[PDB]
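Participant: Please find run10.cif (mmCIF, C-alpha atoms and all ligand atoms) on the next line:
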```cif
data_upload
#
loop_
_atom_site.group_PDB
_atom_site.id
_atom_site.type_symbol
_atom_site.label_atom_id
_atom_site.label_comp_id
_atom_site.auth_asym_id
_atom_site.auth_seq_id
_atom_site.Cartn_x
_atom_site.Cartn_y
_atom_site.Cartn_z
ATOM 1 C CA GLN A 64 17.050 -83.619 7.762
ATOM 2 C CA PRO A 65 15.519 -80.270 8.878
ATOM 3 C CA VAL A 66 17.659 -78.316 11.328
ATOM 4 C CA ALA A 67 16.379 -75.047 12.817
ATOM 5 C CA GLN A 68 18.513 -71.974 12.171
ATOM 6 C CA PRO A 69 19.348 -68.973 14.364
ATOM 7 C CA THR A 70 16.709 -66.282 13.996
ATOM 8 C CA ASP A 71 19.009 -63.223 14.342
ATOM 9 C CA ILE A 72 21.129 -63.071 11.214
ATOM 10 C CA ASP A 73 20.709 -59.465 10.051
ATOM 11 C CA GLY A 74 23.486 -58.391 7.723
ATOM 12 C CA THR A 75 24.802 -58.209 4.219
ATOM 13 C CA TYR A 76 26.390 -61.390 2.925
ATOM 14 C CA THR A 77 28.262 -61.709 -0.324
ATOM 15 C CA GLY A 78 29.521 -64.397 -2.599
ATOM 16 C CA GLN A 79 29.713 -65.736 -6.184
ATOM 17 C CA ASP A 80 27.502 -68.061 -8.251
ATOM 18 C CA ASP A 81 28.073 -69.036 -11.894
ATOM 19 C CA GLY A 82 30.222 -65.919 -12.419
ATOM 20 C CA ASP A 83 27.712 -63.494 -10.858
ATOM 21 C CA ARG A 84 28.293 -61.632 -7.626
ATOM 22 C CA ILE A 85 25.478 -62.367 -5.111
ATOM 23 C CA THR A 86 24.495 -59.959 -2.356
ATOM 24 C CA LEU A 87 22.037 -61.156 0.305
ATOM 25 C CA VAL A 88 20.648 -58.541 2.692
ATOM 26 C CA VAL A 89 18.800 -60.011 5.666
ATOM 27 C CA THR A 90 16.356 -57.962 7.701
ATOM 28 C CA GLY A 91 14.610 -60.019 10.345
ATOM 29 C CA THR A 92 12.827 -62.930 8.566
ATOM 30 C CA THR A 93 12.987 -61.344 5.127
ATOM 31 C CA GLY A 94 15.641 -60.173 2.705
ATOM 32 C CA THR A 95 16.741 -59.420 -0.800
ATOM 33 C CA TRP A 96 18.933 -61.417 -3.122
ATOM 34 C CA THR A 97 20.827 -59.413 -5.756
ATOM 35 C CA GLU A 98 22.773 -60.942 -8.672
ATOM 36 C CA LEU A 99 25.308 -58.815 -10.543
ATOM 37 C CA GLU A 100 25.646 -60.012 -14.116
ATOM 38 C CA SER A 101 28.606 -59.661 -16.466
ATOM 39 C CA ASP A 102 27.079 -56.760 -18.480
ATOM 40 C CA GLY A 103 26.559 -54.881 -15.160
ATOM 41 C CA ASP A 104 22.812 -55.461 -14.914
ATOM 42 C CA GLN A 105 21.394 -56.705 -11.660
ATOM 43 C CA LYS A 106 18.564 -59.080 -10.908
ATOM 44 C CA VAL A 107 16.878 -58.528 -7.558
ATOM 45 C CA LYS A 108 14.738 -61.171 -5.860
ATOM 46 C CA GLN A 109 12.746 -60.973 -2.571
ATOM 47 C CA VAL A 110 13.672 -63.488 0.138
ATOM 48 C CA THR A 111 11.806 -65.057 3.040
ATOM 49 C CA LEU A 112 13.608 -66.973 5.730
ATOM 50 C CA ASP A 113 11.857 -69.891 7.496
ATOM 51 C CA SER A 114 14.202 -70.467 10.363
ATOM 52 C CA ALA A 115 12.408 -73.427 12.003
ATOM 53 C CA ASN A 116 12.376 -75.479 8.773
ATOM 54 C CA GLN A 117 15.658 -74.183 7.378
ATOM 55 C CA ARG A 118 13.957 -72.900 4.182
ATOM 56 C CA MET A 119 15.054 -69.851 2.172
ATOM 57 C CA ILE A 120 12.578 -68.820 -0.497
ATOM 58 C CA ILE A 121 14.292 -66.693 -3.196
ATOM 59 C CA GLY A 122 11.656 -65.223 -5.445
ATOM 60 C CA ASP A 123 9.651 -68.483 -5.761
ATOM 61 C CA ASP A 124 12.606 -70.935 -5.619
ATOM 62 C CA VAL A 125 12.889 -72.945 -2.469
ATOM 63 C CA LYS A 126 16.343 -73.421 -0.954
ATOM 64 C CA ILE A 127 17.851 -74.814 2.181
ATOM 65 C CA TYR A 128 20.078 -72.519 4.266
ATOM 66 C CA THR A 129 22.596 -73.168 6.999
ATOM 67 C CA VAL A 130 23.968 -70.373 9.247
ATOM 68 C CA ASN A 131 27.629 -70.655 10.360
ATOM 69 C CA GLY A 132 28.378 -67.383 12.116
ATOM 70 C CA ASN A 133 29.054 -64.817 9.393
ATOM 71 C CA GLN A 134 28.674 -67.513 6.783
ATOM 72 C CA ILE A 135 25.388 -68.580 5.157
ATOM 73 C CA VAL A 136 25.442 -71.676 3.020
ATOM 74 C CA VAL A 137 22.612 -71.937 0.487
ATOM 75 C CA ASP A 138 21.708 -75.342 -0.986
ATOM 76 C CA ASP A 139 19.265 -76.817 -3.504
ATOM 77 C CA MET A 140 16.636 -79.047 -1.935
ATOM 78 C CA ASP A 141 18.526 -82.135 -3.230
ATOM 79 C CA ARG A 142 21.720 -80.497 -1.847
ATOM 80 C CA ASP A 143 23.474 -80.973 -5.259
ATOM 81 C CA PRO A 144 26.905 -79.584 -4.265
ATOM 82 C CA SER A 145 27.354 -78.412 -7.902
ATOM 83 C CA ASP A 146 24.695 -75.818 -6.931
ATOM 84 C CA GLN A 147 25.784 -74.806 -3.377
ATOM 85 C CA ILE A 148 26.347 -71.072 -2.763
ATOM 86 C CA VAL A 149 28.476 -69.715 0.072
ATOM 87 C CA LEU A 150 27.852 -66.202 1.302
ATOM 88 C CA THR A 151 29.817 -64.330 3.957
ATOM 89 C CA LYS A 152 29.569 -61.050 5.839
ATOM 90 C CA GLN B 64 29.296 -82.173 25.418
ATOM 91 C CA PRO B 65 31.815 -80.306 23.188
ATOM 92 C CA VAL B 66 30.319 -78.863 20.014
ATOM 93 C CA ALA B 67 32.549 -77.123 17.455
ATOM 94 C CA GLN B 68 31.682 -73.510 16.674
ATOM 95 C CA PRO B 69 31.791 -71.533 13.420
ATOM 96 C CA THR B 70 35.225 -70.028 12.892
ATOM 97 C CA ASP B 71 34.124 -66.760 11.196
ATOM 98 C CA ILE B 72 32.432 -64.653 13.841
ATOM 99 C CA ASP B 73 34.175 -61.278 13.515
ATOM 100 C CA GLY B 74 32.133 -58.474 15.016
ATOM 101 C CA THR B 75 31.231 -56.475 18.054
ATOM 102 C CA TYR B 76 28.730 -58.110 20.376
ATOM 103 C CA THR B 77 27.113 -56.443 23.338
ATOM 104 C CA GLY B 78 25.166 -57.387 26.387
ATOM 105 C CA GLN B 79 24.786 -57.042 30.184
ATOM 106 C CA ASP B 80 26.190 -58.975 33.161
ATOM 107 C CA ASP B 81 25.587 -58.166 36.839
ATOM 108 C CA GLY B 82 24.713 -54.558 35.929
ATOM 109 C CA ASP B 83 27.789 -53.994 33.730
ATOM 110 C CA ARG B 84 27.657 -53.485 29.991
ATOM 111 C CA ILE B 85 29.840 -56.088 28.189
ATOM 112 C CA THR B 86 31.396 -55.475 24.789
ATOM 113 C CA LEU B 87 33.071 -58.403 23.009
ATOM 114 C CA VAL B 88 35.107 -57.611 19.895
ATOM 115 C CA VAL B 89 36.094 -60.681 17.889
ATOM 116 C CA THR B 90 38.942 -60.600 15.400
ATOM 117 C CA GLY B 91 39.653 -64.003 13.921
ATOM 118 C CA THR B 92 40.430 -66.398 16.832
ATOM 119 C CA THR B 93 41.094 -63.638 19.344
ATOM 120 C CA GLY B 94 39.208 -60.757 20.901
ATOM 121 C CA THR B 95 38.707 -58.349 23.731
ATOM 122 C CA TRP B 96 36.134 -58.360 26.482
ATOM 123 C CA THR B 97 35.266 -54.954 27.962
ATOM 124 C CA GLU B 98 33.131 -54.420 31.090
ATOM 125 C CA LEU B 99 31.650 -50.987 31.775
ATOM 126 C CA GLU B 100 31.182 -50.475 35.494
ATOM 127 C CA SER B 101 28.718 -48.212 37.286
ATOM 128 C CA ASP B 102 31.311 -45.488 38.100
ATOM 129 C CA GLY B 103 32.206 -45.385 34.356
ATOM 130 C CA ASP B 104 35.483 -47.288 34.641
ATOM 131 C CA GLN B 105 36.127 -50.126 32.258
ATOM 132 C CA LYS B 106 37.881 -53.431 32.718
ATOM 133 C CA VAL B 107 39.397 -54.876 29.558
ATOM 134 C CA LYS B 108 40.342 -58.541 29.207
ATOM 135 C CA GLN B 109 42.025 -60.369 26.265
ATOM 136 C CA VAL B 110 40.077 -63.250 24.708
ATOM 137 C CA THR B 111 41.051 -66.382 22.808
ATOM 138 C CA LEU B 112 38.496 -68.440 20.966
ATOM 139 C CA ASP B 113 38.976 -72.229 20.632
ATOM 140 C CA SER B 114 36.370 -73.027 18.058
ATOM 141 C CA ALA B 115 36.885 -76.818 17.859
ATOM 142 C CA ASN B 116 36.437 -77.297 21.629
ATOM 143 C CA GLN B 117 33.931 -74.495 22.150
ATOM 144 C CA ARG B 118 36.208 -72.740 24.697
ATOM 145 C CA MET B 119 36.403 -68.973 25.253
ATOM 146 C CA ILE B 120 39.276 -67.912 27.476
ATOM 147 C CA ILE B 121 38.623 -64.439 28.979
ATOM 148 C CA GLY B 122 41.768 -63.227 30.656
ATOM 149 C CA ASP B 123 42.520 -66.575 32.382
ATOM 150 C CA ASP B 124 38.891 -67.677 32.999
ATOM 151 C CA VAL B 125 37.687 -70.528 30.886
ATOM 152 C CA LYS B 126 34.182 -70.319 29.428
ATOM 153 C CA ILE B 127 32.052 -72.212 26.994
ATOM 154 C CA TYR B 128 30.621 -70.304 24.013
ATOM 155 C CA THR B 129 27.839 -71.052 21.577
ATOM 156 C CA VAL B 130 27.369 -69.084 18.313
ATOM 157 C CA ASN B 131 23.769 -68.480 17.131
ATOM 158 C CA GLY B 132 24.086 -66.130 14.175
ATOM 159 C CA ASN B 133 24.558 -62.640 15.606
ATOM 160 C CA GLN B 134 24.163 -64.033 19.089
ATOM 161 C CA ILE B 135 26.978 -65.449 21.244
ATOM 162 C CA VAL B 136 26.003 -67.217 24.419
ATOM 163 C CA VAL B 137 28.743 -67.430 27.054
ATOM 164 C CA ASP B 138 28.503 -70.058 29.815
ATOM 165 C CA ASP B 139 30.455 -71.173 32.885
ATOM 166 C CA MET B 140 32.010 -74.608 32.525
ATOM 167 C CA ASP B 141 29.261 -76.057 34.788
ATOM 168 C CA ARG B 142 26.749 -74.092 32.637
ATOM 169 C CA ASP B 143 25.201 -72.536 35.818
ATOM 170 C CA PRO B 144 22.410 -70.545 34.103
ATOM 171 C CA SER B 145 22.673 -67.957 36.937
ATOM 172 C CA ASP B 146 25.992 -67.069 35.223
ATOM 173 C CA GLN B 147 25.065 -67.230 31.488
ATOM 174 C CA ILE B 148 25.802 -64.104 29.410
ATOM 175 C CA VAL B 149 24.078 -63.324 26.118
ATOM 176 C CA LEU B 150 25.800 -61.044 23.652
ATOM 177 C CA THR B 151 24.423 -59.813 20.335
ATOM 178 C CA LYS B 152 25.664 -57.857 17.335
HETATM 179 CA CA CA C 201 20.251 -56.801 15.006
HETATM 180 CA CA CA C 202 21.403 -58.470 -18.712
HETATM 181 CA CA CA C 203 19.685 -80.529 -8.614
HETATM 182 CA CA CA C 204 25.680 -73.379 -10.707
HETATM 183 CA CA CA C 205 35.166 -61.131 7.960
HETATM 184 CA CA CA C 206 36.028 -48.839 39.412
HETATM 185 CA CA CA C 207 29.144 -72.162 38.999
HETATM 186 CA CA CA C 208 26.210 -63.162 37.645
#
```
Mind converting the file's structure to structure tokens?
Facilitator:
Amino acid sequence: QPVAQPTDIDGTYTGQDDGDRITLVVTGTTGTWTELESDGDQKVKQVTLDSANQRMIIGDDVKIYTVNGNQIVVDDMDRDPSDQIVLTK
Amino acid sequence: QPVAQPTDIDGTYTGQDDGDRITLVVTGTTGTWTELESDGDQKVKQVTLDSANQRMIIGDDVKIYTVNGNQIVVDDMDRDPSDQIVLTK
């Protein structure tokens, strides 16, 4: 289904994904997604947040997001739980 | 109805109620509720947060709370909108 998300979720949320530390900074309806690799490099992707349709676009990859207070759960469109990412501020 | 709330909502939320500034600090499942009066006095009440049953106890007054990201909406049990308080971090 498509469930509308809260619109005010400014903050800096962190978590882990396939060994990389993820840092999501949300400013309004946009953001940045930063991955910290093993070697210490970082990959930075621009984010847009579609709150009505629950869509998080990271670079050009479409995700689903769910806001639970300080927690943001990020899912693949097929919600493959092997690929779910949990971020917390 | 009774809708369960996110459990991780640490932060400092502010708003206004009947001319007083309200500051809600949440730590885990507890908190403090501070009212700033006109004369500059403050009234401080202890808070408990019942996330499963959506109940916020402020001192000994029972409220309903709804978490929308950085926003916490606090309602009387009869949800009289004349008495709703919106707090944001
Ligand atoms: Ca803000
Ligand atoms: Ca590299
Ligand atoms: Ca998949
Ligand atoms: Ca993975
Ligand atoms: Ca925390
Ligand atoms: Ca006084
Ligand atoms: Ca009433
Ligand atoms: Ca009032």
Participant: Please determine the contact residues of chain B with respect to chain A at a cut-off of 6 Å, counting all atoms listed in the file, and supply them as number ranges by chain.
Facilitator: B: 69, 71-72, 131-133
Participant: Run the PyMOL selection byres (((chain B and resi 85-91) around 8) and not hetatm) mentally over the shown coordinates, then write out the matched residues as a VMD selection string, using the chain letters and numbers from the document.
Facilitator: chain B and resid 70 to 80 83 to 84 92 to 99 150
Participant: Where does the PyMOL selection byres (((not hetatm)) within 9 of (chain C and resi 208)) land in this file, that is, which residues does it pick, as a PDB file with C-alpha atoms, in the coordinates of the input?
Facilitator:
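Ended up saving to expr07.pdb:
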```pdb
ATOM      1  CA  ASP B  80      26.190 -58.975  33.161  1.00  0.00           C
ATOM      2  CA  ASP B  81      25.587 -58.166  36.839  1.00  0.00           C
ATOM      3  CA  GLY B  82      24.713 -54.558  35.929  1.00  0.00           C
ATOM      4  CA  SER B 145      22.673 -67.957  36.937  1.00  0.00           C
ATOM      5  CA  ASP B 146      25.992 -67.069  35.223  1.00  0.00           C
ATOM      6  CA  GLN B 147      25.065 -67.230  31.488  1.00  0.00           C
ATOM      7  CA  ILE B 148      25.802 -64.104  29.410  1.00  0.00           C
TER       8      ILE B 148
END
```
Participant: Written as a PyMOL selection string, what is the full residue list that the PyMOL selection byres (((not hetatm)) within 9 of (chain C and resi 207)) yields on the file shown?
Facilitator: chain B and resi 139-146
Participant: With distances taken over all atoms listed in the file, which residue among B:66, B:127, B:136, B:149 lies nearest residue 112 in chain B?
Facilitator: B:127
Participant: Under the rule that all atoms listed in the file are counted, which of A:109, A:138, A:124, A:65 is the nearest residue to ligand CA 204 (chain C)?
Facilitator: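 Of all the options, A:138 lies closest to ligand CA 204 (chain C).
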Participant: In Å, with one decimal, what is the gap from CA of residue 103 in chain A to CA of residue 119 in chain A?
Facilitator: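 Distance between the two atoms: 25.6 Å.
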Participant: What does the distance from CA of residue 101 in chain A to atom CA of ligand CA 202 (chain C) come to in Å, to one decimal?
Facilitator: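 Going from CA of residue 101 in chain A over to atom CA of ligand CA 202 (chain C), I get 7.6 Å.
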Participant: Given a cut-off of 9 Å, what residues near ligand CA 202 (chain C) show up using all atoms listed in the file, put as a VMD selection string?
Facilitator: chain A and resid 100 to 106
Participant: Store the residues of this selection in a file with C-alpha atoms, as a JSON list (two decimals), in the frame of the given file.
Facilitator:
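Now in out21.json:
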```json
[["chain", "number", "residue", "atom", "x", "y", "z"],
["A", 100, "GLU", "CA", 25.65, -60.01, -14.12],
["A", 101, "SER", "CA", 28.61, -59.66, -16.47],
["A", 102, "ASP", "CA", 27.08, -56.76, -18.48],
["A", 103, "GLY", "CA", 26.56, -54.88, -15.16],
["A", 104, "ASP", "CA", 22.81, -55.46, -14.91],
["A", 105, "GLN", "CA", 21.39, -56.70, -11.66],
["A", 106, "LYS", "CA", 18.56, -59.08, -10.91]]
```
Participant: Would you compute the distance between CA of residue 113 in chain B and CA of residue 64 in chain A? Give it in Å to one decimal.
Facilitator: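 Interatomic distance here is 27.9 Å.
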